[PDB]
Amino acid sequence: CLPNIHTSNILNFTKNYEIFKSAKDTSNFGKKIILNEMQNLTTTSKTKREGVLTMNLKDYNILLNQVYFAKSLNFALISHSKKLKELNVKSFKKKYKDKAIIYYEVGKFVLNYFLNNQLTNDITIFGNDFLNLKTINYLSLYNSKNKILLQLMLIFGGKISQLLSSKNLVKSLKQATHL
Amino acid sequence: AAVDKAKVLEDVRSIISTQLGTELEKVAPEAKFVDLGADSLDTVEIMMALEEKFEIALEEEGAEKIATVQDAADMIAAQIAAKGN
Amino acid sequence: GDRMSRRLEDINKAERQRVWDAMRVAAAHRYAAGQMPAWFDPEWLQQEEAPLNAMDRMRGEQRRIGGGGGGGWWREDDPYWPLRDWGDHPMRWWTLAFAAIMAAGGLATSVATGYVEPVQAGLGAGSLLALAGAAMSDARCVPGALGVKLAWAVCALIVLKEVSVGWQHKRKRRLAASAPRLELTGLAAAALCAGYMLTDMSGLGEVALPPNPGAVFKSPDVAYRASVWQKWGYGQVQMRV
Amino acid sequence: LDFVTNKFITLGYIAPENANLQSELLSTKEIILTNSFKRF
Amino acid sequence: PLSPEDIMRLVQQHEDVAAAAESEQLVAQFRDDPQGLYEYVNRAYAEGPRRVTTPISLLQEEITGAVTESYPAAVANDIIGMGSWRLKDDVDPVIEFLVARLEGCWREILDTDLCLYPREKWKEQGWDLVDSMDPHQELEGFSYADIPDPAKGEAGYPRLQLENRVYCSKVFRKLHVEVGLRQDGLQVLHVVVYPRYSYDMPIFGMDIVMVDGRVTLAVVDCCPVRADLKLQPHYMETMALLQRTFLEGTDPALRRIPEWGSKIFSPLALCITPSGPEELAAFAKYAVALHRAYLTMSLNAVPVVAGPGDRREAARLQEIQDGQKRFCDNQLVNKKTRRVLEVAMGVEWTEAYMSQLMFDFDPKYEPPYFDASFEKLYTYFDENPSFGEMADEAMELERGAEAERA
Amino acid sequence: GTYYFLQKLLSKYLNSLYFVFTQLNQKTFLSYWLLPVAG
Amino acid sequence: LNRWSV
Amino acid sequence: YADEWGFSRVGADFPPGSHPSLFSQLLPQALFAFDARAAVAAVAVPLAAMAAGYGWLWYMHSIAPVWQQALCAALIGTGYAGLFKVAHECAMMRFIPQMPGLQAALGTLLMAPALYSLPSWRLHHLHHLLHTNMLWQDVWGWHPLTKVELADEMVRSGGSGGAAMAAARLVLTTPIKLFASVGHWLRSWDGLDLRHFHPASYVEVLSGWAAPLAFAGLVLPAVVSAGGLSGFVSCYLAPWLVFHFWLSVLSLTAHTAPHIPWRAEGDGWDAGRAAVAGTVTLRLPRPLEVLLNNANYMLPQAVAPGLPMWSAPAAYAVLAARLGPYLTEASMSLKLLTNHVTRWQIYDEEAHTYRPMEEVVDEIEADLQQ
Amino acid sequence: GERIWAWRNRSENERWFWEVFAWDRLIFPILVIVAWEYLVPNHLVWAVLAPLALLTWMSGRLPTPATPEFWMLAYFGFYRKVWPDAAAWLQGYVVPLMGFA
Amino acid sequence: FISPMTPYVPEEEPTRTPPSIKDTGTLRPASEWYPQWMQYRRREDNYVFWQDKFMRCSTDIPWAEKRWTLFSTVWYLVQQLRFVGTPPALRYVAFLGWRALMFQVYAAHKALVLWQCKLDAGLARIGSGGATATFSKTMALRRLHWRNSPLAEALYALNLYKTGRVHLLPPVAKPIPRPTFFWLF
Ligand SMILES: CCCCCCCCCCCCCCCCCC(=O)OC[C@H](CO[C@@H]1O[C@H](CO[C@H]2O[C@H](CO)[C@H](O)[C@H](O)[C@H]2O)[C@H](O)[C@H](O)[C@H]1O)OC(=O)CCCCCCCCCCCCCCCCC
């Protein structure tokens, strides 16, 4: 039996990461020599000599999971991103909508960080939502009420922050028995 | 890694007895090697035989603290569990 | 579960460290170009660890809790002080001592005999070994790797010359008496070579022969396979992948 | 929450202008949130 | 032909010329466009959204068509407004605008070094949100909506609710905003920014006291810390320039000096009773601009260190500590005033709040801070990344193709 | 280091192909006639 | 060059 | 009376609180210029002296008398000391500021025969400038043997014997004291240790070490291969010793006298009191000043580290006309050398009384342990 | 089989070098150029032009100065065989015509 | 800046493949096919015996072992002659001979380690008078598993000979990384 691979973090990031890292050396130790050529009080001892990828592959995998899910991680994607970089080198309702969206996202990721990190277990992990039927079955048939409630908090953190960061307009609308 | 500690203890007792000279009975779990009268170097030879029989690397740091047959089997079983990784 | 939380954490830590190293290398290249904004501090390039990994290690450690190289104690306290990591290569004082005895022996032999090969192949190699020993004083950097490689190259050249050509001042009348052989200098240089190999030579392992089209036959990267195809002269062969 | 929101506006977000046709978080937006959650 | 006296004079010349130079190099940024200290939000709004030119967002726009847009920090904090304040709905619009402006100035100017104050000092004691009817925190800080407002005469009337926000920074040991509300229409805003005991920097202060929606007292000041009760030339020039820029008209004195500010007030301190929306608007503009100028001059401040070598720096540090102690004591002997809004929350609790929070002085306790300063590097390398040698080769092939085609 | 802070102070001022042959047996075997004749 | 070489 | 030691014009007393760069405003901007003729003369005249000496050496190699060889070697060493002064100006970034690359290449090429490093030299001399006449920290300079340390190696090592009580009794009691710049040169390699340095300057420090190493590995085997020991002592070693004598004499006469004290930081040490009151300007005959490239005028270079070398005597004339009683001068004579050798050897840190070695040893000897 | 699998995954370059490159693109062109220059007479056509044509026809690539076959034909061909004759003719016709010697 | 207590130890990429899960580490021959500890483990948790073969030979190859160099070009010929150039029958009889010789040299090394324990006790008596006369069994296993450098052995022996302190051990020697010299090896 070959179980499913559409696993958002595990068999997506690790899969794409080992696939990317198995194709080339990607070792840049010698390129650190310029870190030892910085305090020469002279003129020389720069340009496209930078052959280092300063991009996290996690971001490219986030893109490849936003599409084709919610193409793989290779050098063609990085070349396309570089090419796209080279070719690119009434309002109160908008404010309310933007504030609601950003506070939803901020609260969701705040809850994710607090539950998954502020509770071996050294590197910060940002666990992901979208529990599938397999995860739902595991958490329902096993674990406990607290461990189900943690997932429910992960679900509802964004709406909770949206509620906490919203202006009540009744005290700005209504003017001057139960006054 | 779910090591059968009963099997590990039985084979450890067999190895200890085989090296020293006693029967499988005299080698009891709680029995100290000192009781069996294995000298310092003999205890070391017993640890070598255990390594040879189980084909594992004994946890060096902590071999000075192998006192009981139960301790030897517990360290060995922990190493059998940690080998697969 | 674990063994995959651990694998994901190790992958994230390694990728963050790689991104930080690439970022400080590129920032170095741009700051030496004068293409940096005014808020950039080049001292940040001295931060070796990734900042997030440094923070995670702070969190872990806060939720959990004869006269060379360094000092020396000699049978009272800290007895295994030579094995402490002092920051330098283990063979630094050995290559500096070999440079000193090679320069001294070459000068003395040239003075005593009159041959100029002992002084030219003496001080000339001793200066290179002294520069390598200077570069090996911080054996955690590209100068450290280059110094150990230069010292191995000099000692291997000494061994090669001694066992293939021989020493000119050691030329004798008989052909069997000429006999290039392997004397104490060649033995010392070969021992230094073996010391470098058996202590540390890894580093600058990215410098090798260019990858063959046989490497990239089963590579999952079409772009990399085509780059090797084009560089090795094939180029227009149909890929069919 | 206010600090993370302020530092997240300046980094960028998808505006709801409906020009078409967020479970992992990017790297700089993760550095900001981990810095905000430093506490003492 | 030089004489020791004149060598000492030449030292004096060099010494204070460096001071002069620093002062004008700090005033010159505000000399040209003083309205830029207030109209920065409107100018960022006129700038509008910025298209995020990162490769990930560019790939998002190329595939999905979704455009990632970012905003400047000024309009970011304008979008935030008051924020997630627990009492953001009961406060006056003027107090809300002032809190939004000052908190946005903090979160924008003091970014990458603004920490939250340690929770064991103010938040673990429940002083982030205190309610008069629930002094013992029996409702887990939910009394503001769990308990209805007292009836007239009925015990608890008038109810007093105080929300506090305390921050730290690299140059500031305590940035404190306190908002107090009462049933009789009285609202109080108290914003104090404290430099550390290593900077020759004045303490910023603001107090807005209003009764029934009408502003009765409005004080903004850069209270000095020196022995002679005078500020630095850059502070004097900036305060005079901002007063000329934003106060414009009105009566020139406007200083009652009610017998307690005379030990802490600067010569250009403002303490008005606003009479008119125009005067209130002018005061709000001046106060936001002065706070922004103070925070902008906080960026280049250098701490004063002492010990070996010289002792005039130690004398300066002792003067800084004495001035901060004098300001704290003068704000503590204020009990013929604002402390009357307290006592409703007890007298011993009033003391345990006044001494511990707000005006607190201690030689041995400096709050820790986290200066990240590498998020700038991460954002810079997300805006302008390097893609590697293989992508360089691919871009070379693409450039050759466009050269041979176009 | 000993001069770490001093060095900090004074530094802050207070074509596409390889050079390889091409195979000659891709078209003819006739180049193999030179080897035995020259040997 | 040659297909089987690569 | 202070001309009892050849210290001619002596300085009375300097007020504290002053910085040496403060006095740069006393120097008009005409001296801070580029005279191409003066730069070419400053490189060429000592090079002409070195070329004349070496042409003489190839004229008469061994048929020459010992004293004639010594005079020719002294001429070559003085010419190379002038060239080393040019390289020191190049290290201080004040010879040709228009062309920093040529300045660095010229300084490295002119310091390679001395087996010196340009980055290490400018680092150590900047350290000496920032810690001038300051106890326990300057190191790169004529730091005196204090009676406390002589007491340490006098009682903590046992009796009057000891390795550092025989080495010091050999160095700072004998004319080999006038060659202690060899010991300074050995100290200047920093043990060939990169961990002393900033990690961002490793390549510069390695190249600065490698260029004298390139000299000693290439040119010196060619010298021993073209004349042996007789062709090496007379061609390189004797000029090297003469140049080190000049460096030792200039460094010893710059910042060492009975009227100049050495105070640690926090005890009253000040930059002005150590620079424009703790410097003795050595005065030489004009051919010696031209051949040494005005290397005895280090006070205006200390008070203005952008002032070029050829304007140093004029700027010192300006400073001596302006400051007046605060400066110290001394003509070059046997009196200064015999006083530095036989009299000023041990510095008690109590009344800046440089004393003979024995007289102080006597104190820490017949007392302390007795 | 496990060791063969491990070694086959380790090497992956040396096997292509030894199966494709080492004879056909490294040793055999050198051998045929050296053999041709050792065989044919010291003639301009036989040492330069005819091997140029034959290498171009056999390999599909003209020996440009960026190609090692051009340098092999320049050294083992022009320089080793016809350059003496060229030298003699030049020193007796052009060098005096240049006014020298 | 963000100094986390312990000085940051850079974690370079591995240069040698990790030793196999069937290894002993003690110069003794490994088992023929099955490493004999699996019988003391549960079934369907012994999946990591083939998961060692994978990622020791297929999926986790260090890139320092994929380097193409002149030495590896020469060594491919030796390996090719061993695998496809020599018959497996002769390879099998040579494998049996090497197994027997390695068993004999392991017995010799075990006897040498026991004698080094006796020398450990002797040097621990001469240096602490007569009190400490034991020996470190952890150091005995460390000598048997080749985890000690010769410098560590000499320092420990000297330490015993002049202050005693049996249970004060030298640090464990790190694995030797694979040497690399550009295109040569
Ligand atoms: C009951 C049957 C009767 C006979 C059986 C036993 C009697 C005699 C056994 C053989 C003769 C003596 C062997 C002693 C040393 C082994 C020789 C060798 O170099 O070592 C051989 C090695 C060992 O085998 C492999 O070895 C590999 C590499 O390990 C070792 O490989 C080398 C061992 O040489 C190095 O030492 C290296 O350091 C070490 O790691 C693996 O580890 C495994 O052990 C295994 O795969 O093989 C290789 O690489 C080389 C492969 C080819 C070499 C062939 C040599 C001998 C062939 C005899 C054929 C005659 C047929 C008639 C039968 C009578 C026999 C005389």
# chains A, B, ... in the order shown; residues from 1 in each chain; ligands from 1

call {"tool": "residues_around", "arguments": {"residues": "residue 16 in chain B", "least_positions_apart": "5", "cutoff": "12 Å", "atoms": "only C-alpha atoms", "output": "ChimeraX atom specification"}}
result
/B:9-11,21-29,31-33,36-38,42-51,53,68-70,72-73

call {"tool": "write_last_selection", "arguments": {"atoms": "N, CA and C atoms", "output": "compact mmCIF listing (two decimals), in the first residue's frame"}}
result
# COMPACT_ATOMS: atom_id res chain seq x y z
N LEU B 9 17.04 -10.47 28.16
CA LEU B 9 17.51 -10.87 29.48
C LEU B 9 17.91 -12.34 29.51
N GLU B 10 17.15 -13.20 28.83
CA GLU B 10 17.49 -14.62 28.79
C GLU B 10 18.82 -14.86 28.09
N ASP B 11 19.03 -14.22 26.93
CA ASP B 11 20.30 -14.38 26.23
C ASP B 11 21.46 -13.73 26.98
N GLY B 21 30.97 -19.76 34.07
CA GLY B 21 31.00 -21.18 34.38
C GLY B 21 29.74 -21.67 35.06
N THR B 22 28.99 -20.74 35.65
CA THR B 22 27.73 -21.04 36.32
C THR B 22 26.65 -21.54 35.36
N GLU B 23 25.58 -22.10 35.89
CA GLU B 23 24.43 -22.50 35.09
C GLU B 23 23.52 -21.30 34.85
N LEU B 24 22.49 -21.52 34.02
CA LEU B 24 21.53 -20.47 33.70
C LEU B 24 20.74 -20.10 34.94
N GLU B 25 20.69 -20.98 35.94
CA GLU B 25 19.89 -20.69 37.13
C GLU B 25 20.54 -19.60 37.98
N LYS B 26 21.82 -19.81 38.33
CA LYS B 26 22.63 -18.90 39.13
C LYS B 26 22.64 -17.48 38.58
N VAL B 27 22.65 -17.33 37.25
CA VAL B 27 22.51 -16.01 36.66
C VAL B 27 21.05 -15.54 36.74
N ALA B 28 20.75 -14.84 37.78
CA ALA B 28 19.47 -14.23 38.05
C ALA B 28 19.51 -12.76 37.68
N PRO B 29 18.36 -12.17 37.29
CA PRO B 29 18.30 -10.73 36.97
C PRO B 29 18.91 -9.80 38.01
N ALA B 31 20.94 -10.46 40.35
CA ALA B 31 22.28 -10.83 40.78
C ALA B 31 23.32 -9.86 40.24
N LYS B 32 24.24 -9.46 41.11
CA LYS B 32 25.36 -8.61 40.73
C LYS B 32 26.45 -9.51 40.16
N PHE B 33 27.20 -8.99 39.18
CA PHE B 33 28.36 -9.71 38.66
C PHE B 33 29.36 -9.98 39.77
N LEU B 36 28.77 -13.20 41.42
CA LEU B 36 29.29 -14.30 40.62
C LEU B 36 30.81 -14.39 40.67
N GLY B 37 31.48 -13.35 41.17
CA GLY B 37 32.92 -13.43 41.31
C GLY B 37 33.67 -13.25 40.01
N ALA B 38 33.06 -12.56 39.05
CA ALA B 38 33.79 -12.11 37.87
C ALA B 38 34.63 -10.90 38.27
N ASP B 42 37.23 -9.52 33.97
CA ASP B 42 36.28 -10.55 33.56
C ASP B 42 34.94 -9.94 33.18
N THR B 43 34.46 -8.97 33.97
CA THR B 43 33.29 -8.16 33.65
C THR B 43 33.46 -7.48 32.30
N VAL B 44 34.67 -6.97 32.04
CA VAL B 44 34.95 -6.35 30.74
C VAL B 44 34.87 -7.39 29.61
N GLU B 45 35.41 -8.59 29.85
CA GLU B 45 35.31 -9.68 28.88
C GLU B 45 33.86 -10.09 28.65
N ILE B 46 33.04 -10.04 29.70
CA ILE B 46 31.62 -10.35 29.57
C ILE B 46 30.91 -9.30 28.72
N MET B 47 31.25 -8.02 28.92
CA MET B 47 30.70 -6.96 28.08
C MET B 47 31.12 -7.13 26.62
N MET B 48 32.37 -7.54 26.40
CA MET B 48 32.82 -7.86 25.04
C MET B 48 32.05 -9.01 24.43
N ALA B 49 31.78 -10.05 25.21
CA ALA B 49 31.00 -11.17 24.70
C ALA B 49 29.57 -10.77 24.39
N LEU B 50 28.99 -9.92 25.23
CA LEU B 50 27.65 -9.41 24.96
C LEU B 50 27.63 -8.61 23.67
N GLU B 51 28.65 -7.78 23.45
CA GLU B 51 28.77 -7.03 22.20
C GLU B 51 28.89 -7.97 21.01
N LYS B 53 27.85 -11.13 20.80
CA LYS B 53 26.64 -11.92 20.61
C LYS B 53 25.52 -11.08 20.01
N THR B 68 23.99 -4.89 37.81
CA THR B 68 23.12 -6.05 37.81
C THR B 68 23.04 -6.66 36.41
N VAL B 69 22.67 -7.94 36.37
CA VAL B 69 22.27 -8.59 35.13
C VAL B 69 21.09 -7.87 34.51
N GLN B 70 20.17 -7.38 35.35
CA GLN B 70 19.06 -6.58 34.86
C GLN B 70 19.55 -5.27 34.25
N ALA B 72 22.55 -4.79 32.86
CA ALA B 72 23.20 -5.15 31.61
C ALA B 72 22.18 -5.42 30.51
N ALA B 73 21.13 -6.17 30.83
CA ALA B 73 20.08 -6.44 29.86
C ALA B 73 19.29 -5.19 29.50

call {"tool": "residues_near_ligand", "arguments": {"ligand": "ligand 1", "cutoff": "7 Å", "atoms": "only C-alpha atoms and all ligand atoms", "output": "VMD selection string"}}
result
chain J and resid 82 86 90 to 91 93 to 99 101

call {"tool": "interface_residues", "arguments": {"of": "chain F", "to": "chain G", "cutoff": "12 Å", "atoms": "only C-alpha atoms", "output": "list in words"}}
result
residues 21, 22, 23, 24, 25, 26 and 27 of chain F

call {"tool": "residues_around", "arguments": {"residues": "residue 181 in chain C", "least_positions_apart": "2", "cutoff": "7 Å", "atoms": "only C-alpha atoms", "output": "PDB file with C-alpha atoms, in the first residue's frame"}}
result
ATOM      1  CA  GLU C 162      62.997  13.255  -2.872  1.00  0.00           C
ATOM      2  CA  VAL C 163      61.763   9.860  -4.112  1.00  0.00           C
ATOM      3  CA  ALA C 179      69.848   6.456  -5.423  1.00  0.00           C
ATOM      4  CA  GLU C 183      65.548  10.021   3.753  1.00  0.00           C
TER       5      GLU C 183
END

call {"tool": "residues_around", "arguments": {"residues": "range 57-67 of chain B", "least_positions_apart": "4", "cutoff": "8 Å", "atoms": "only C-alpha atoms", "output": "list in words"}}
result
residues 32, 33, 34, 47, 51, 71, 72, 75, 76 and 79 of chain B; 24, 25, 136, 137, 138, 139, 141, 142 and 145 of chain J

call {"tool": "interface_residues", "arguments": {"of": "chain J", "to": "chain I", "cutoff": "7 Å", "atoms": "only C-alpha atoms", "output": "list in words"}}
result
residues 57, 58, 65, 66, 68, 73, 76 and 83 of chain J

call {"tool": "closest_atom_pairs", "arguments": {"of": "chain J", "to": "chain A", "cutoff": "9 Å", "atoms": "only C-alpha atoms", "output": "tab-separated table"}}
result
residue	atom	partner	partner_atom	distance
J:13	CA	A:27	CA	8.9
J:59	CA	A:22	CA	8.0
J:60	CA	A:22	CA	8.4
J:61	CA	A:22	CA	8.7
J:63	CA	A:25	CA	6.1
J:64	CA	A:25	CA	8.8

call {"tool": "interface_residues", "arguments": {"of": "chain D", "to": "chain E", "cutoff": "6 Å", "atoms": "only C-alpha atoms", "output": "list in words"}}
result
residues 2, 6, 9, 10, 11, 12, 13, 14, 19 and 20 of chain D

call {"tool": "select_by_dssp", "arguments": {"residues": "range 83-195 of chain E", "states": "strand (DSSP E)", "output": "PyMOL selection string"}}
result
chain E and resi 115-116+129-131+160-168+172-182+186-195

call {"tool": "write_last_selection", "arguments": {"atoms": "C-alpha atoms", "output": "tab-separated table (two decimals), in the first residue's frame"}}
result
chain	number	residue	atom	x	y	z
E	115	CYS	CA	9.71	45.26	22.76
E	116	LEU	CA	6.73	44.67	24.96
E	129	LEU	CA	-6.84	46.65	32.33
E	130	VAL	CA	-8.19	47.59	35.77
E	131	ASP	CA	-11.85	48.15	36.66
E	160	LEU	CA	-13.14	54.08	36.74
E	161	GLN	CA	-11.48	51.91	34.08
E	162	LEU	CA	-7.79	52.19	33.18
E	163	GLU	CA	-6.08	50.49	30.24
E	164	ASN	CA	-2.28	50.61	30.03
E	165	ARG	CA	0.21	49.88	27.26
E	166	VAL	CA	3.87	49.77	28.30
E	167	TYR	CA	6.68	49.23	25.77
E	168	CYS	CA	10.47	49.25	25.79
E	172	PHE	CA	13.68	54.16	25.86
E	173	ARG	CA	13.21	52.19	29.07
E	174	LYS	CA	9.44	52.76	29.27
E	175	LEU	CA	6.95	54.06	26.71
E	176	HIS	CA	3.69	54.22	28.64
E	177	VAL	CA	0.18	55.04	27.41
E	178	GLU	CA	-2.60	55.12	30.00
E	179	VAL	CA	-6.26	55.66	29.11
E	180	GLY	CA	-8.66	56.24	32.00
E	181	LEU	CA	-12.44	56.50	31.78
E	182	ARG	CA	-15.12	57.47	34.27
E	186	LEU	CA	-14.17	62.41	32.28
E	187	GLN	CA	-11.46	60.79	30.15
E	188	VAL	CA	-7.70	60.98	30.71
E	189	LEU	CA	-4.83	60.20	28.34
E	190	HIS	CA	-1.35	59.97	29.88
E	191	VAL	CA	1.57	59.31	27.52
E	192	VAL	CA	5.10	59.34	28.93
E	193	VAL	CA	8.29	58.28	27.12
E	194	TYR	CA	11.31	57.64	29.37
E	195	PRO	CA	14.89	57.54	28.07

call {"tool": "atom_distance", "arguments": {"atom1": "CA of residue 212 in chain H", "atom2": "CA of residue 181 in chain H"}}
result
16.5 Å

call {"tool": "atom_distance", "arguments": {"atom1": "CA of residue 104 in chain A", "atom2": "CA of residue 162 in chain A"}}
result
5.5 Å

call {"tool": "interface_residues", "arguments": {"of": "chain C", "to": "chain H", "cutoff": "6 Å", "atoms": "only C-alpha atoms", "output": "PyMOL selection string"}}
result
chain C and resi 116+119-120+123-124+127+134+137

call {"tool": "write_last_selection", "arguments": {"atoms": "N, CA, C and O atoms", "output": "short mmCIF file (atom, residue, chain, number, x, y, z; two decimals), in the first residue's frame"}}
result
data_model
loop_
_atom_site.label_atom_id
_atom_site.label_comp_id
_atom_site.auth_asym_id
_atom_site.auth_seq_id
_atom_site.Cartn_x
_atom_site.Cartn_y
_atom_site.Cartn_z
N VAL C 116 73.26 25.22 -4.29
CA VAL C 116 72.21 26.21 -4.10
C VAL C 116 70.82 25.61 -4.13
O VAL C 116 69.85 26.30 -3.77
N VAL C 119 69.31 25.67 -0.48
CA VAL C 119 68.73 26.92 0.02
C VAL C 119 67.50 27.30 -0.81
O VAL C 119 66.52 27.83 -0.28
N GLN C 120 67.53 27.02 -2.12
CA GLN C 120 66.40 27.39 -2.97
C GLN C 120 65.18 26.52 -2.70
O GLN C 120 64.05 27.02 -2.66
N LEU C 123 64.46 27.48 2.15
CA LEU C 123 63.69 28.67 2.50
C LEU C 123 62.51 28.90 1.57
O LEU C 123 61.47 29.42 2.01
N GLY C 124 62.63 28.53 0.29
CA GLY C 124 61.52 28.70 -0.64
C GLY C 124 60.30 27.88 -0.28
O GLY C 124 59.16 28.33 -0.46
N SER C 127 58.99 29.19 3.46
CA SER C 127 58.10 30.35 3.42
C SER C 127 56.67 29.95 3.08
O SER C 127 55.72 30.47 3.68
N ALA C 134 50.33 30.04 8.98
CA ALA C 134 49.60 31.25 9.34
C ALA C 134 48.14 31.16 8.92
O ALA C 134 47.25 31.58 9.66
N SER C 137 45.84 29.02 11.26
CA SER C 137 45.63 29.44 12.64
C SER C 137 44.15 29.62 12.97
O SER C 137 43.79 29.63 14.15
#

call {"tool": "closest_atom_pairs", "arguments": {"of": "chain H", "to": "chain E", "cutoff": "6 Å", "atoms": "only C-alpha atoms", "output": "CSV"}}
result
residue,atom,partner,partner_atom,distance
H:15,CA,E:4,CA,5.8
H:18,CA,E:11,CA,6.0
H:266,CA,E:309,CA,4.7
H:322,CA,E:1,CA,5.5
H:323,CA,E:2,CA,5.2
H:324,CA,E:1,CA,5.6

call {"tool": "write_last_selection", "arguments": {"atoms": "C-alpha atoms", "output": "PDB file, in the first residue's frame"}}
result
ATOM      1  CA  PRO H  15      47.874  70.977  30.752  1.00  0.00           C
ATOM      2  CA  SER H  18      43.873  68.151  25.004  1.00  0.00           C
ATOM      3  CA  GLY H 266      42.887  56.398  34.775  1.00  0.00           C
ATOM      4  CA  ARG H 322      53.386  78.199  18.140  1.00  0.00           C
ATOM      5  CA  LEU H 323      53.494  75.860  21.157  1.00  0.00           C
ATOM      6  CA  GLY H 324      56.811  77.062  22.596  1.00  0.00           C
TER       7      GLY H 324
END

call {"tool": "residues_around", "arguments": {"residues": "range 41-53 of chain C", "least_positions_apart": "2", "cutoff": "6 Å", "atoms": "only C-alpha atoms", "output": "list in words"}}
result
residues 17, 20, 24, 55 and 56 of chain C

call {"tool": "closest_atom_pairs", "arguments": {"of": "chain A", "to": "chain H", "cutoff": "6 Å", "atoms": "only C-alpha atoms", "output": "Markdown table"}}
result
| residue | atom | partner | partner_atom | distance |
| --- | --- | --- | --- | --- |
| A:35 | CA | H:200 | CA | 5.7 |
| A:36 | CA | H:200 | CA | 4.2 |
| A:37 | CA | H:203 | CA | 5.6 |
| A:38 | CA | H:200 | CA | 4.9 |
| A:39 | CA | H:201 | CA | 4.8 |
| A:40 | CA | H:204 | CA | 5.6 |

call {"tool": "atom_distance", "arguments": {"atom1": "CA of residue 79 in chain H", "atom2": "CA of residue 237 in chain H"}}
result
14.4 Å

call {"tool": "residues_around", "arguments": {"residues": "residue 148 in chain C", "least_positions_apart": "6", "cutoff": "8 Å", "atoms": "only C-alpha atoms", "output": "number ranges by chain"}}
result
C: 132-133, 135-136, 196, 201
